[PDB]
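Next comes final17.cif, with mmCIF, C-alpha atoms.
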data_entry
loop_
_atom_site.group_PDB
_atom_site.id
_atom_site.type_symbol
_atom_site.label_atom_id
_atom_site.label_comp_id
_atom_site.auth_asym_id
_atom_site.auth_seq_id
_atom_site.Cartn_x
_atom_site.Cartn_y
_atom_site.Cartn_z
ATOM 1 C CA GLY A 1 0.000 0.000 0.000
ATOM 2 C CA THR A 2 2.763 2.433 -0.928
ATOM 3 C CA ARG A 3 1.341 3.826 -4.174
ATOM 4 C CA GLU A 4 -0.814 6.892 -4.832
ATOM 5 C CA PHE A 5 -2.083 8.536 -8.016
ATOM 6 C CA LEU A 6 -1.589 12.272 -8.536
ATOM 7 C CA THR A 7 -3.572 14.350 -11.015
ATOM 8 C CA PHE A 8 -2.232 17.873 -11.548
ATOM 9 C CA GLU A 9 -2.760 20.822 -13.880
ATOM 10 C CA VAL A 10 0.486 22.452 -14.992
ATOM 11 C CA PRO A 11 0.258 26.013 -16.418
ATOM 12 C CA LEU A 12 3.053 26.860 -18.864
ATOM 13 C CA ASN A 13 1.902 30.292 -20.028
ATOM 14 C CA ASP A 14 5.618 31.092 -19.894
ATOM 15 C CA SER A 15 7.047 27.584 -19.949
ATOM 16 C CA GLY A 16 5.367 27.143 -23.341
ATOM 17 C CA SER A 17 8.880 27.434 -24.752
ATOM 18 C CA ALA A 18 10.446 25.105 -22.185
ATOM 19 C CA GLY A 19 7.579 22.663 -22.693
ATOM 20 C CA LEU A 20 6.741 22.671 -18.992
ATOM 21 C CA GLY A 21 10.000 22.643 -17.056
ATOM 22 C CA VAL A 22 10.935 19.012 -16.437
ATOM 23 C CA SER A 23 13.164 16.211 -17.686
ATOM 24 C CA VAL A 24 11.457 12.882 -18.374
ATOM 25 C CA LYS A 25 12.983 9.415 -18.647
ATOM 26 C CA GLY A 26 11.385 5.982 -18.868
ATOM 27 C CA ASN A 27 12.587 2.464 -18.124
ATOM 28 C CA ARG A 28 12.249 -0.946 -19.755
ATOM 29 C CA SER A 29 11.545 -4.398 -18.309
ATOM 30 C CA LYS A 30 14.697 -6.437 -17.679
ATOM 31 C CA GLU A 31 13.412 -9.621 -19.313
ATOM 32 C CA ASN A 32 10.257 -8.457 -21.099
ATOM 33 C CA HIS A 33 12.205 -5.459 -22.416
ATOM 34 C CA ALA A 34 8.848 -3.657 -22.380
ATOM 35 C CA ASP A 35 8.702 0.063 -21.580
ATOM 36 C CA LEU A 36 8.033 0.630 -17.878
ATOM 37 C CA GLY A 37 6.717 4.149 -18.451
ATOM 38 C CA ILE A 38 8.351 7.535 -17.904
ATOM 39 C CA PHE A 39 9.539 9.076 -14.645
ATOM 40 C CA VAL A 40 10.322 12.674 -13.715
ATOM 41 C CA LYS A 41 14.100 12.712 -14.117
ATOM 42 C CA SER A 42 14.487 16.320 -12.999
ATOM 43 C CA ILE A 43 12.001 19.168 -12.649
ATOM 44 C CA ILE A 44 13.328 22.523 -13.833
ATOM 45 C CA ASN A 45 13.280 24.612 -10.654
ATOM 46 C CA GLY A 46 11.406 27.477 -12.270
ATOM 47 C CA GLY A 47 9.359 26.005 -15.088
ATOM 48 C CA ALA A 48 5.622 25.344 -15.077
ATOM 49 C CA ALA A 49 6.000 22.002 -13.305
ATOM 50 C CA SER A 50 8.134 23.410 -10.502
ATOM 51 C CA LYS A 51 5.728 26.329 -10.216
ATOM 52 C CA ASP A 52 2.710 24.022 -10.066
ATOM 53 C CA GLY A 53 3.917 22.959 -6.636
ATOM 54 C CA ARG A 54 2.639 19.433 -7.279
ATOM 55 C CA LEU A 55 5.432 18.040 -9.465
ATOM 56 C CA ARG A 56 8.283 16.057 -7.913
ATOM 57 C CA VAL A 57 11.096 13.976 -9.410
ATOM 58 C CA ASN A 58 10.531 10.192 -9.505
ATOM 59 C CA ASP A 59 6.864 10.619 -10.446
ATOM 60 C CA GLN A 60 5.626 8.097 -13.013
ATOM 61 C CA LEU A 61 3.403 9.480 -15.778
ATOM 62 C CA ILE A 62 0.055 7.820 -16.482
ATOM 63 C CA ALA A 63 -1.962 10.338 -18.497
ATOM 64 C CA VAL A 64 -1.374 13.788 -19.980
ATOM 65 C CA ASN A 65 -4.120 16.163 -21.128
ATOM 66 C CA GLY A 66 -6.543 13.281 -20.701
ATOM 67 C CA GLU A 67 -4.429 10.953 -22.829
ATOM 68 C CA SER A 68 -2.988 7.825 -21.209
ATOM 69 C CA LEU A 69 0.540 6.762 -22.147
ATOM 70 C CA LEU A 70 0.466 3.157 -20.907
ATOM 71 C CA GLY A 71 -0.511 2.239 -24.460
ATOM 72 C CA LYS A 72 2.815 3.421 -25.874
ATOM 73 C CA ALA A 73 6.564 3.311 -25.396
ATOM 74 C CA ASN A 74 8.388 5.667 -23.029
ATOM 75 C CA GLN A 75 9.859 7.797 -25.811
ATOM 76 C CA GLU A 76 6.443 7.810 -27.476
ATOM 77 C CA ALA A 77 4.803 8.709 -24.192
ATOM 78 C CA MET A 78 7.192 11.535 -23.348
ATOM 79 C CA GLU A 79 6.644 12.695 -26.920
ATOM 80 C CA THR A 80 2.888 12.314 -26.506
ATOM 81 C CA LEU A 81 2.940 14.521 -23.411
ATOM 82 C CA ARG A 82 5.362 16.883 -25.113
ATOM 83 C CA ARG A 83 2.908 17.565 -27.924
ATOM 84 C CA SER A 84 -0.066 17.370 -25.558
ATOM 85 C CA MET A 85 1.621 19.920 -23.288
ATOM 86 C CA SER A 86 2.848 22.186 -26.093
ATOM 87 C CA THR A 87 -0.222 21.938 -28.338
ATOM 88 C CA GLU A 88 -3.299 20.984 -26.295
ATOM 89 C CA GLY A 89 -2.361 21.922 -22.750
ATOM 90 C CA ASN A 90 -0.818 25.228 -23.755
ATOM 91 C CA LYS A 91 -3.800 26.095 -25.962
ATOM 92 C CA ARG A 92 -5.483 27.100 -22.704
ATOM 93 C CA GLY A 93 -2.359 27.852 -20.689
ATOM 94 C CA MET A 94 -2.061 24.628 -18.694
ATOM 95 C CA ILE A 95 -1.899 20.893 -19.354
ATOM 96 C CA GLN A 96 -3.636 18.142 -17.397
ATOM 97 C CA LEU A 97 -1.313 15.632 -15.747
ATOM 98 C CA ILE A 98 -1.646 12.243 -14.077
ATOM 99 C CA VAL A 99 1.299 10.606 -12.314
ATOM 100 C CA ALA A 100 1.717 7.780 -9.813
ATOM 101 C CA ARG A 101 4.274 7.907 -7.003
ATOM 102 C CA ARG A 102 5.156 5.424 -4.264
ATOM 103 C CA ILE A 103 5.105 6.384 -0.585
ATOM 104 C CA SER A 104 8.731 6.901 0.437
ATOM 105 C CA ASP B 1 15.638 -2.331 -14.099
ATOM 106 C CA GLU B 2 16.613 -0.555 -17.320
ATOM 107 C CA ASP B 3 18.705 -1.975 -20.167
ATOM 108 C CA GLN B 4 21.443 0.604 -19.586
ATOM 109 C CA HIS B 5 20.126 2.431 -22.653
ATOM 110 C CA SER B 6 17.708 4.944 -21.137
ATOM 111 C CA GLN B 7 17.469 8.604 -22.152
ATOM 112 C CA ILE B 8 16.049 11.905 -20.934
ATOM 113 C CA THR B 9 13.824 14.413 -22.723
ATOM 114 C CA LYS B 10 13.464 18.062 -21.714
ATOM 115 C CA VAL B 11 9.753 18.885 -21.657
#
For this file, write the structure as structure tokens.
Amino acid sequence: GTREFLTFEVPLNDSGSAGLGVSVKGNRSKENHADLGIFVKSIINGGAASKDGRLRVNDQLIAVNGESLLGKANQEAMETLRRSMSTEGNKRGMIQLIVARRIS
Amino acid sequence: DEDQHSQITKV
């Protein structure tokens, strides 16, 4: 019982150029070699994510702008959020986010 | 448990 979902709305009115203000990186199963999703590698202390006050490194992504990523590779997912954050989420000024983090 | 071939993407 050390897992909790986190849905956040990240405004990038200014970060629109930086995408949002975070570095993403996903893993891959050891044997299955299947993408294990993306994880916040490093949040730009200043971007939209860091300003949101709800984004923290080591947070696994599940859905961005109402678009799940579990149905795609890490690179595809990070790219899916990239476009979703700089094309659909920015359109209004903020992108919807859904990440899962373990209690630690 | 990565394959030592990960990568980061600035978003």
Self-check item: Expansion of the PyMOL selection byres ((chain B) within 6 of (chain A)) into residues, as a VMD selection string
Solution: chain B and resid 1 to 2 7 to 11
Quiz item: Any idea what's packed within 9 Å of residue A:8, counting only C-alpha atoms, ignoring anything in its chain fewer than 5 positions away? Could you give it as a count of residues only?
Solution: 8
Exercise. Work out how far apart atom CA of residue A:87 and atom CA of residue A:6 are and give it in Å to one decimal.
Key: 22.1 Å
Quiz item: So how far away is atom CA of residue A:10 from atom CA of residue A:77, in Å?
Solution: 17.1 Å
Quiz item: Hey, can you check how far atom CA of residue A:4 sits from atom CA of residue A:57?
Solution: 14.6 Å
Quiz item: When the PyMOL selection byres ((chain A and resi 62) around 7) is applied to the file above, which residues end up in the set, as number ranges by chain?
Solution: A: 60-61, 63, 68-70, 98-100
Quiz item: Could you write out as an NGL selection string the residues that the PyMOL selection byres ((chain A and resi 93) around 8) matches in the shown file?
Solution: :A and (11-13 or 89-92 or 94-95)
